[PDB]
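Trainee: Give me the fold of what follows.
(2 chains)
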Amino acid sequence: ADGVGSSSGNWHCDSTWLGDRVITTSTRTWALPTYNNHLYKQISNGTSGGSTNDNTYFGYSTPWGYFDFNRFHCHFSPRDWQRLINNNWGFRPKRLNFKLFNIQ
Amino acid sequence: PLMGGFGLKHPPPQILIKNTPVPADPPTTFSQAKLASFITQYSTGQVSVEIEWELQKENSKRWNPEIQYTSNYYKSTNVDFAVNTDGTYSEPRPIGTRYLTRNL
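Mentor: Residues are numbered from 1 along each chain as shown, chains lettered A, B, ... in the order given. Here you go:
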């Protein structure tokens, strides 16, 4: 089984163009700091300062971080993008799969 | 072939066609000479040729975009590879087959 000395997964970046399906996998290396010294904090901006009435807000800044893969170039190489946009009329996602591994 | 092409030992068999000669009226008295007077005649029709091809799909990990054959984006007096005002079809430029890349 898993332990301190055996890796949790393998690196995958690739694109499988099969018929009408293209399956794009990707992998990156990240670093997650300690935000707010483990604190939730109220944050706000009022119009009593230099800010104007349109720029006011009220909310909270949590210690948690989050993964955002929501841009296309995260998932496509410029050559895989060229195969897509040149040869096909339309495309839509079907399903995704997500993994964290190799945690230091 | 030095012009470029597929050298074949048994190439596609050449197809020959002719109008069967139809004689004009022979004389009423026998003659040994061959019949030198024919009916002026020609034929027309429809021909179809269908070739199946075998493709070698491009599989490459090149990151950046390829070079593709693209028509001129800018405006023009008439479309390329299309009829002009008078109905004359035209092909503006020779188009080679090598835009993809491989590693030597």
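Trainee: What are the boundaries of the strands in chain A?
Mentor: Counting by DSSP state E, chain A forms strands over residues A:14-18, A:21-25, A:41-45, A:57-61, given from the N-terminal end onward.
Trainee: neighbours around the nearest residue in space to residue A:64 that is not next to it in sequence, how many?
Mentor: The shortest distance from residue A:64 to any residue that is not its chain neighbour, by CB to CB, 6 or more residues apart in numbering or on different chains, is 7.6 Å, and that residue is residue A:35. The C-beta positions use only the backbone N, C-alpha and C, and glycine is treated the same way. Other residues within reach of residue A:35, judged by other CB atoms under 10 Å in any protein chain shown, total 13.
Trainee: ok, now which ones touch residue A:35?
Mentor: Applying CB atoms under 8 Å, 6 or more residues apart in numbering or on different chains, one finds that residue A:35 lies in contact with A:61, A:62, A:63, A:64, A:65.
Trainee: Quick check, the residue in chain B closest to chain A?
Mentor: Taking CB to the nearest CB as the measure, the point where chain B comes nearest chain A is residue B:65, at 4.7 Å.
Trainee: residues contacting that residue?
Mentor: Listed by CB under 8 Å, 6+ apart, the contact partners of residue B:65 are A:78, A:79, A:81, A:82.
Trainee: which among those residues end up buried?
Mentor: In terms of neighbour count (16 or more other CB atoms under 10 Å in any protein chain shown), the buried residues within those are residue A:79.
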